[PDB]
Structure formats: structure tokens, C-alpha cells
Amino acid sequence: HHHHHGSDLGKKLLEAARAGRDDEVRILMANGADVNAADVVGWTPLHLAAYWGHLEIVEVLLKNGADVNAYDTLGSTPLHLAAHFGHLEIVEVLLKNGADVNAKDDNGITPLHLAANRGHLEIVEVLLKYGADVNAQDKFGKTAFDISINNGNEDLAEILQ
Amino acid sequence: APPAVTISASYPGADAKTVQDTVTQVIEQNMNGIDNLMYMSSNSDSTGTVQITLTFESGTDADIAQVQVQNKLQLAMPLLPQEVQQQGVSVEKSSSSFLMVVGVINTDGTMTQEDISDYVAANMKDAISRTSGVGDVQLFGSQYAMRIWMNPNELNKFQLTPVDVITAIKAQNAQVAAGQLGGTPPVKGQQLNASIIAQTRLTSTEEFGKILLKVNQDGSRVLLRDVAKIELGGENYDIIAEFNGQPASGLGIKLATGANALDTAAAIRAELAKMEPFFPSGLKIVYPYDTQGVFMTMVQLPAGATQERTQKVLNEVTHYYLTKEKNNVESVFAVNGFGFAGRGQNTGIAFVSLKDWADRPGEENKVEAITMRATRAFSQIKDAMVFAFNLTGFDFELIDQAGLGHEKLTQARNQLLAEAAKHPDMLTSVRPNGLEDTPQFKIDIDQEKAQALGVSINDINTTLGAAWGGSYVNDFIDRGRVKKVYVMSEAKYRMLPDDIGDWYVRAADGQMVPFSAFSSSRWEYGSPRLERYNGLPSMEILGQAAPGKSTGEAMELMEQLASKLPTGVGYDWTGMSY
Amino acid sequence: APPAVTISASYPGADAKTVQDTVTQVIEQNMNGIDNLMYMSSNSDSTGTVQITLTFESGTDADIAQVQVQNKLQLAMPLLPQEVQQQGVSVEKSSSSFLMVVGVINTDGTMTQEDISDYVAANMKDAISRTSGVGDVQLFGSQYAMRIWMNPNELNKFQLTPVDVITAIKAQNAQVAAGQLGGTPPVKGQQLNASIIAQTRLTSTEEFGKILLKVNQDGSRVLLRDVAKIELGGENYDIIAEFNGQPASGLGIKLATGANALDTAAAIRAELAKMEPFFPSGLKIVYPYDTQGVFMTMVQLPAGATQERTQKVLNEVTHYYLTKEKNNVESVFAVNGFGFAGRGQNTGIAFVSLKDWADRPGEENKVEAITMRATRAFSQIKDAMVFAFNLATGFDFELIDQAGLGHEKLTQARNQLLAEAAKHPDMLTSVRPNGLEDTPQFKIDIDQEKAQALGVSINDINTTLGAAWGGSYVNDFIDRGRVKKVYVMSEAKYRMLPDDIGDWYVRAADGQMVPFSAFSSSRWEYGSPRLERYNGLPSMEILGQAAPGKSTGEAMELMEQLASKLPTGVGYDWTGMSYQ
């Protein structure tokens, strides 16, 4: 899942996925661009699309064979990014396509932890719906519930029970 | 021209947001009560630098403008971080273009680029900077500092941190006022009066190397040289120059607003003539850019480009002039790390000097045709804007009017640029003037774990910053001249994310705690250059009318597209469009 | 009038004497070798404010005057308390009166006075203050700060103090320069280069709330929200405005010396037109005072008068204009806490705007008859000087302590002079002090010996007292993209009565919590809420008028005779209208 870094169409695809250029993404894929090209921090086009909220590119990439569970150089996946940044529809598409709902980055942090911390409650519900381990602990021993108490987010604590 | 006053400040190791939120906003909030100010703009950069430009109504006296700005800045100075204050803040009333470049090379290759730069900094730059008419002097390189290159493996072996190192340097590279024997008021019958001389600044790597950090329980000594490499080296490493491909430094000189071009240049040559007889052997002045027998080439790469990649582009530019144009071009002085716009790892400039006019007969060998041919030859270089020019469509600012924040302003900017690109009959080359967000390494210090371990947050933040960013500790005396001392990690312990984990901090109980025990990290995006306009977050957009259209029609259309942007996003016209 | 440069500074929680002795004197001692200076005066107030006014000869170039004052000020700057330097000392070259007032209201009632004042401070003031010709801009209200309102019972419960709070805020509301991965000089071949982003300023009450103050031995956490209420709230709470009785804020704008009034006013309106389209809903500009068609009403109660009492008088004023004068008066913008005097809790001002010339026929409906009638109606308001006037042969006298006599003796000499001048109605009318009377103050003595024996540090004592009862500016935070201040202070109910002193605990070196009552004693005394100085010496300004058809020269000649009988060491000088 750590994809290696470097090529000319790969680089265009990384840039197009980041800027949300749907047409150009489509052209590049049809011209053989490596769907899992990675930049120097391990981000693939699916990472980029997920971070920047480009739903249709996320769908295009997965339809062309993108590694749904691509890891960056610190262990983070496209699902981490989409959950952390509030991209509900993207979260659903990724989980629908086999995203590891309990993937931990190098810090032991899971997508539920990120969504919890930013208070993205609909994402939290979807992740739990897909099997997210509600009791998963990061490197500091913290669960989503501990996060809800520290942040004082009563609504989140409610959802977790 | 409307006169402009520039404030410059630096914060070693600071990212753009840090600079903007501890420095730029503070200055801007305090630029009140100044007469005839038309507008103000600022950049805050991930080089740790801020530049604030205040542009005055035409006819304003630039002396009064400068004094009024300096005086407000003075009253704001206590509001700025100590690290910023201690670098020196400057305020200049200068043209933005160069009057001339003084190059310096070593004909006997006795001196490296870094040596030459220090020589210029330490022996030439001040006297030039004091010459009447000289508005701004940029060194193309850096003065030496004393560089303490720390080793985290050796620090941890002796249970030490960068905090212990900084403390020891301040204690042991000190200049102490100690009074006098027989000092006033004296006793009756005193025969002797004499100064007491105690600690004095250190002067050499040898002396820094024997700073005593600690004595082990067993009685052996830990010297600074046992945990660090000690050498003279630049205060920074961002600007490197070459003259016809050989190692160089120099001074770029900007004309003081309202001074005389010819008088100032002659005063400069006269000051250089005083210095030459004392140069070390090999050292020589060259004149690569005297302001129609000169021009510049700008090199602007995307944010993210490294020193190596800007250099490859400048090597192509230089090569072209020394091969294809060698019949017209006498010299090229190329600077990696500084360009039109100022300082960055992704920018460069080449100053090009032509042979005598009389030896370039034919209109094809005149500056206009040479610059056009060069721009054409460089137009195919990948992921670089490269062009040659001597030294107009529109200048638009998009403005955050409602606290929207950087991410949303970027989205609004992108919406406007997408709309502009659907009107190619009316607008051409509608583009940002600034930089795109790039990946950054976000590290979260766990306050709970730090407290549980008895590790101080100030020891954590100093350790992180000093090692990965550098820290200006205090001054020393190099060959008679006051210069700076910096501590920083040796390069090889600050290159990769796993290196974070090799830095240890000492807890209250004496244990060494690695950074990994109390931190976590992730990749995210953020800005390498944050812009503001009249005190609000902004993004500068340039463009021009399409062929057969007036500038005013192009502007009216921009205004119409602007009226459809998200709530809270405004705009204004500046520069040539004001 | 001759050009004036004003220096202003602020010391939060400081009494008049502390301001005078750590700020005013230190600055004043450098105000010499300034060209064309006629005289200098100052006020040092128990609001923690100083204003020094330097008045120059007619025709002095105000840019040069400002430069020369500032250059002398710079000598004092490093000697001033850090708390004062960090508030931002100001040096201005303005007219002393307002060119205009811009009011701001919310027609939907969906913003409080406090919210409106924050909006104005955060989105409008700086651009106005940078407009050419704007000499001085007075906000009628306060910018928000992050307010941490500490609870001393909860602090003591966890063995914490305001020092621990302040320390933690500095540590955990921080903006860290952390360098780069792969920065220069790199290992050659390095491809990765990225900024390291570590702590950044906090942006919200939620983030301040979760600041970690300590971890108990049992593992439980004490967060800042466990010992404090956290909210956005004014840097200060002293200035409150209303427009036709509705919540408001505004900007009072003074013209820069020598600038053009018409041009500056228009540039202000052009700047406001840039702002209007971005207002939140309901927000609106109103124009309650454009310089005739306008006038002001000064309200000045005796020192000691609370906000609530000044408000009562302001209500009587506003009520008069909106009822008795409703056919003449278009609007009243009333400010509680700010007056002709400057800032103070016993002062206020009302700006009145009349309907058009052509809807007020009759000499009885013109400004002079309106102000005369208003002044008459207000003349019987008890314990308040209230008068109405638009914008002569008075005199302006300074009694000066020329021998180190001290404040109390100077007051005795003043009273002696005033009594003498009262027995001469034939030459002198209405001889009175321009300043404030002394008021009770709570004197607290820290016992050094007990503090040392208990191992309680003097700095911890002083920070706990000052931060709790005075408020402390800790550091900055970012509110909706803008740098703003962070303040710690006691929640109101813990700093209301003398007995509250004893509910504050300081932590000793051995970990024991010690109440303030163990190492302190207190008593009531009197002192000044406003200390005046004239040419660098303690002073008391005395105003009055020549009696009907006596010359100002004859009136002044009498005051000089009366002044020559005062105790040794008391002198006098003439200022203002009397100086020439």
C-alpha cells in the first residue's frame, strides 16, 4: 500500500486530481497514467481527491483500479483524509469500495478518531455503520469517546453511548 | 511613481502563518495615523520573512513617509516576538528595481562561494549601504555566523538537549561589564585605577568547541565539540550566485527614492576603489549589471521546487546565453534563491550584460530582439515561468471581508479564475501572482503525555525549533566584527520524518524522553506565502484584456465575475489598475 | 487653536498614582529640547490611562512636532512597564474635538452592543484609522478578547493559582516556529522539503476550555474550563453606547492637525462604502454627528459615581430630547463611560443631531435656543454637571506644587484659593476645579516577613492579586482570522467585596495553599482617581470667568493676588485661552 514516487503522466494525474480537473483525469486514465502514482509524501491521486473533496474524481479513480487503502509515508489512507475533513459522500464511496474502516496510521489514529475530533457526526455514524471499532485506542490510549469528553462534545458522546 | 516604503522582518524557522499571525498582522494593526497612505500590502513567507509595502499618494514626500512609518513601527516593536526584534527590522524608501550589481569573484579559486559572500558582508556591504542614494542593498549570499551543528545521538548519550547548549553558549560566550579597581567613588589615598576584564566574546571555532556543557559524576568533561560540529557558515543558506558559471557573491543596489542614478553609481564605484587595495589575493570586482546594454531573466518555479531544481533551470538559462548568444553577451550573473518577488527556494534571477553596442551591429543583435529570442527559447522549459525583460494589463486583489480564512478564499479565487477562463474573447492569462499550498508536516504535542512524563513544553518546543529551524543565540567577534551565533541540527539529523524520533528531551526527573513518546504527526497542506491587502487576507490576480479589447472592458468583466463570488469575498484594484 | 501632540498609554488594573509614577513621570522627564513647545500637561487616571498633551506655537509644522515628541518618548520606552509597552503607546497629532461620529446599529436586534462593538473594532476601525486626515479614532465600546473568568474556589480546590493559569495559556496558546524537514543546508540529493507546523494560536472558547492545567496523581485531568468560565468579551467593559435608545457602537473621529475636513470626511464615507456590502444582516451605519444642526451634551458626575448612576443621568438627557424636543431632534447617540474628560465611569456624552433647517422654523427652534433650554432643564439634575452646547472670556489657571508638597497639601492650597475667590463675586464668577476629588481606596499591605516564613513568593502574590482583581493581558489569539488579546480576571462575583480578598489562595514553595488573609492586612484611605501635572509638576487646573463687564486681564490680576497668599511652595501659571 506504500506506492513508489516518480513519472510524467503520473505527475499530471497527481496535479489534476488535486485541482479537481475531472476531464483531464478521464483523459489521463485512458492514456495509461498510473492510477497509484505517488508524490514525495506518499499521496496518490485518491489521497489528493479525498483531501480536497473531489467526489467524481474519487469515483473515476476507484473505477480505474486505485488502491482504496493507499498509505502515505506516515501510514494515513484516503479514508483518514476524507473523514478528517468532513467529506461525507467521499467517505461513503470509499467504504463502499473496500476502504479499511479501522486502518491505523503510524500514530495509531483511525478515521473514527479524526472524524470524532473535528465533530463530523454523520461521518462518525457511517464509519460505525461499516464496522469501525468504537474502542480502538491511539498511541496515547485514547478512544473516540475520550475525544468527545475532552472536547466537550455532548452530541458525539451521545452517538457513542 | 507613487513612492513606496517597505518594512522587512524575519523570524528564523517560522512558517508563513506563524509570521503572519505574530508579526504581519501586529505591524499592520499599528500603521495608523500616517499621512497620504493610498494602500498597504504584505507577504508572509515560509522562509520566515515578511515584507510590508506601503504605497503613498503621488507627490508625497518619501522622507516624511519613511519617518512616519518608522515611528509607528517603533511603537509596535514591543508587540513583536523577541526573535523578530533581535534580527533587526528594516524600513526602506527605495525603488523596487536594481540600479546596479556589484559582483565579486575569486580569480585564483582560493575562496568558495560562501567565503566570498562573507568577505563581502563583513568588508564591503556596510560602507556601500551608507553611501548617499543607496536605498536597499541585497547581499547575494550570507555573512558567516558561528554554526553549532548539533548531533542528537551525542546529546542524548550525555543526557543533554539544545536548551542546555543554548544556555551554555549564553553563559560562556559572554561580554561582561566588571567595573574597575580604584573605581569612583574611591577611598582616600588610592594609587591604582584599572579596568577589570572578565569574560569576553569568543572569536573562533576552537573557543566555541571547548565550551563546557557539563562534568559527569565520574569527573570527565563534556565539551560542546563532543556533541556538535563547530564551523563558520552562513546565517542562512538560501542565496547562491555565479558569474559566468564561476563562484561569486555580490550586492544588488536599489536607488533611494528621489536620488540621482548617475551620482549614486559614481559614489558606489568610488567607495569600491577604497576597498580594492585591501582585498585578499584572487578577489576581484566585476560589473555585471549597470543600468539598454543589459537585461534580466526571471526564473519562477512552482512552490515546492527545491534549490537543485531552480539551479537546473538557471544552468539552462546561463548556458543559452554563453553558447547561443556568446557573440552578444559579455556576462551572466545568476542568483539562485532570490528573484523578482524576493526570496524563495523556487526563484532565481539572471542579470545579463551585453557586449558593446558597436560590436552588435544589426537589429537582430539589439536588446529587444535578443530578449524576445531568449523568452522564446525558454518558453518550453517544464514547470517554470522563464522570461527575459528590461527594467501592462491589470492588477486585481481578491479580499477576505468576513473572516472566511485561507481555504475558503482559495476556493473563491479558483471559482473566479475558472469563470475568467470561459471568456477568452475578453480576458487572457488570468492567473494568481502568488503561490500554491504545499505539503507540510503537522506535529501535535501531547500535553497530557508531556505532563505525565515531567517533560516541559518549553524544552520540547525549543528542542524542535532549534534543531529543525535554527536559533540565533547571541553574538561573537569574527576577525574584529560582531556577527551571530546559531545552533541547529547537523543536516543529516533533520532530513526525514523518522529523524523527529531521534531527538530526546530531559524530563524533570532526569530521564531522556524521545519525541516519539509525546508527539504524533500527519501530512496536510498549507500556504508558503500568505498575502494581505489593506490589512485583510488577499490573493493577487493578474491578467490582461484579450486582443482588440480595452483594459477597461477587461476590468468591467472582472468586476462582474467578482459580483457572483461567495458571500464575504470582495475585491479591489491596485498597482497599474488603481 | 495651537497644534497639540498627544501621547497615550494604558496600564490595565493600575491606579492613578501607579500610572503617574511608573509611566507619566518617566516620559515627562524626557519632554525637553522640543522646538516651539509652549506647554505640557497630563492626566494619570485610576482607569489605568495616561494622556500627555504637548501644545505647540501656532504655525508649528505638526509632522515635525510629532517626530520630535516621539523621538523623546523613545528614551522612556524601555523604562516603561512591559504591561504598558505591550498595550501599544500612541502618539497622535489631532484636533481635540470630533469631526464626526459613525454609529453602528443592528436593525434586526440579532447583535448585542458588545457584538456590534467587536464588529466595528475588527472590521472597520483599522481602515478608518489609516485614512489620510484621520488624527484619532475613538471606539465607543471594546474589541473582543478571549476572557478567562477565574473561580478562586475551584483554583484552590486543585492547588492552582492565576499564575498557573497564565503559565498554561502561554504554553498551550502558542505559535511555534518549528523549522523544516529537508531545509537548507540539506544533505545533497534531498528531495523532501516541508515546513514543520507545530502549535498554533487557539481560535475558539472550546480550545481555551481544554487547556490542560494539570494531571492529578490519580490520572484525572484539570482543564481550564474546570476553573474558569470562558467566553469572548471586551478588552474592557467601560464604554457603552446607544442610538435613540437602541444598542449601538461607533467611531468618534478627530481630524489630523491641518488636514482638510471636507476631504477627510468624504474619504471616511468612501471607506465605509467598501465595508457595507460585507456586513452581517441587520447591521447598519447611521450618522449621528456631522460637523450647524448638531451639538453635544456633556455629563460629568463626581468621582466615585458608578456606571449605573451615569446611565441614569444619560437616560434623563436622552428622554428629554426624545420627548420635549422630538420635533427638533432627529437622533441622540449617547455614550456612557467616555466624555470631554476622556475615559471614566462618572462621565458621558450625548451627540445630538437636529432635523433639517427647514423643519425647524422659528428662532426658538435653532441650536442656540435649543441648547439654552436643554441646559436649563438639566440645571437641576442633582450631583451632575450636565450641559448642552454647540462646539470664550473665561480664564484657565494652573495651581502647581513647586516644592515636593505632595497631593494632599496641594488640594489644601487649592481649597484655600477657591474659598478666597468665592468672596469676590464682583470680579470672579464660577471659580472651580476642572478635576476630580479624592475617593476611598482599599490599601493592602503585604507582610514580607510572613510571606518569606510561609515560602510564598512576592511575584506570585502580586500576580494573583493583580490578575484576579485587575485583569491581565496574557498573550494573543486569533479570532476569525484576526489577532486579538487574551485576558485572565476573576469572575465578577469573586471580586466585589473586601472579604473576597481572603478567598484567593497562593501556592507556597512547599505546595501548601495559603489564603491572602495569612500575609496581608488592609484599611480604607483616600486618594486621587485623577492626578494632573503641568509642565512636569503636580498641578490642579482651575477654571472661571471675568464678572459681568470686567476684563479677563483684571480677573487674572485678582487670581494672581489671591495666589500670592497661598502656602510656600505653591505657584501658578496660566494656560490655554489665558496663556496669551
Side-chain angles (χ1 to χ4, degrees), chain A residues 146 149-150 152, chain B residues 445-460 507-510 518, chain C residues 146-174 207-230 444 446-472 474-475 486-495 499-520:
Chain A
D146 289 320
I149 290 163
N150 204 60
Chain B
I445 303 306
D446 192 74
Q447 298 294 328
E448 190 172 6
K449 198 65 177 161
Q451 289 183 29
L453 296 171
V455 180
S456 157
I457 183 72
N458 283 351
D459 285 347
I460 290 166
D509 73 0
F518 51 74
Chain C
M146 184 56 63
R147 302 300 316 205
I148 306 302
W149 301 116
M150 301 177 293
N151 180 318
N153 298 337
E154 299 175 334
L155 287 167
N156 187 37
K157 185 173 145 189
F158 294 114
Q159 294 87 69
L160 299 167
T161 78
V163 178
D164 302 306
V165 172
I166 292 168
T167 295
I169 290 163
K170 282 183 174 160
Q172 289 180 55
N173 174 45
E207 290 179 341
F208 276 93
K210 67 179 167 150
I211 287 177
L212 180 54
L213 302 176
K214 82 188 269 202
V215 181
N216 291 313
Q217 199 170 44
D218 71 12
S220 57
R221 289 170 294 282
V222 184
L223 303 182
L224 181 50
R225 71 189 184 230
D226 294 330
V227 300
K229 292 188 182 24
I230 296 157
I444 183 159
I446 296 307
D447 197 69
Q448 295 294 325
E449 166 169 25
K450 194 75 175 140
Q452 287 181 21
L454 294 169
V456 175
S457 141
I458 304 298
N459 287 354
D460 288 358
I461 290 172
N462 287 329
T463 298
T464 297
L465 183 59
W469 292 77
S472 191
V474 176
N475 66 3
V486 179
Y487 276 82
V488 297
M489 197 171 187
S490 181
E491 198 192 335
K493 74 196 316 195
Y494 311 106
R495 58 167 167 82
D499 283 340
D500 297 338
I501 288 287
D503 296 332
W504 290 87
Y505 290 74
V506 181
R507 193 173 56 255
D510 76 351
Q512 293 199 66
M513 298 308 292
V514 176
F516 232 86
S517 68
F519 49 74
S520 63

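Order of the sequence lines fixes the chain letters, A, B, ..., with proteins taken first and strands second; residue numbering starts at 1 for each chain.
The two residues C/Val456 and C/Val506 make their nearest non-hydrogen contact at CG1-CG1, 3.7 Å. Nearest heavy atoms, C/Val488 versus C/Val165: CG1-CG1, 3.9 Å. When all heavy atoms of C/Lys450 and C/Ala518 are compared, the pair lying nearest together is CG-O, 3.3 Å. Taking both residues in full, the closest heavy atoms of C/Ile230 and C/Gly209 are given as CD1-CA, 3.4 Å, listed atom of the first, atom of the second, then distance. C/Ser490 and C/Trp149 make their closest contact through O-CE3, 3.3 Å (heavy atoms, listed as atom of the first residue, atom of the second, distance). Minimum heavy-atom separation, C/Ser472 to C/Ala467: CB-CB, 4.1 Å.
Of the possible donor and acceptor atoms, one in the side chain of C/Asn475 sits under 3.5 Å from a partner among the backbone N and O of C/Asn173. A donor-acceptor pair under 3.5 Å is absent between the side-chain atoms of C/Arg495 and the main chain of C/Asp500, judged by distance alone. No donor-acceptor pair under 3.5 Å is formed between the side chain of C/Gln172 and the backbone N or O of C/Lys170.
Here the straight-line distance linking atom CD1 of C/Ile461 with atom CG of C/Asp447 works out to 9.5 Å at 0.5 Å rounding. The CG atom of C/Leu224 sits 11.5 Å away from the CG atom of C/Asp164 when rounded to the nearest 0.5 Å. Atoms CZ and CG, on B/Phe518 and B/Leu453 in that order, are 8.0 Å from each other to the nearest 0.5 Å. Taking CG of C/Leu213 as the start and OG1 of C/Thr167 as the end, the distance is 10.0 Å to the nearest 0.5 Å. One distance of note links CZ of C/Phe158 with CG of C/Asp226; it measures 5.5 Å at 0.5 Å rounding. Here CZ of C/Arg507 is found 11.0 Å from CG of C/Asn156. Values are rounded to the nearest 0.5 Å.
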Side chain to side chain contact (heavy atoms under 4.5 Å, CB included) between C/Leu160 and C/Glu154, worked out: CA-CA 8 Å; C/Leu160 299 167; C/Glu154 299 175 334; over 6 Å; no
C/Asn459 vs C/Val163, side chain to side chain contact (heavy atoms under 4.5 Å, CB included): CA-CA, chis, key distance, verdict: CA-CA 9 Å; C/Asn459 287 354; C/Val163 178; over 6 Å; no
Criterion side chain to side chain contact (heavy atoms under 4.5 Å, CB included) on C/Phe516 and C/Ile446, from CA distance to verdict: CA-CA 9 Å; C/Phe516 232 86; C/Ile446 296 307; 4.0 Å; yes
C/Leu155 and C/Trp504: CA distance, side-chain angles, deciding distance, side chain to side chain contact (heavy atoms under 4.5 Å, CB included) verdict: CA-CA 9 Å; C/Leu155 287 167; C/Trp504 290 87; 3.9 Å; yes
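Side-chain atoms of C/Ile211 and C/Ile169, non-hydrogen and from C-beta on, do get closer than 4.5 Å to each other. C/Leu212 places a side-chain heavy atom less than 4.5 Å from the side chain of C/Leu223.
Not a single ring pair (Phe, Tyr, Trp, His ring centres under 6.0 Å) links C/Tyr494 to another residue, sequence neighbours left out. With sequence neighbours left out, C/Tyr505 forms a ring pair (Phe, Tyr, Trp, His ring centres under 6.0 Å) with no residue at all.
Within the structure, the side-chain hydrogen bond (donor to acceptor under 3.5 Å, both in side chains) test picks out the following pairs touching residues 210-225 of chain C (sequence neighbours left out): A/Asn151-C/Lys210, B/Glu448-C/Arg221, C/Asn216-C/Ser220, C/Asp218-C/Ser220.
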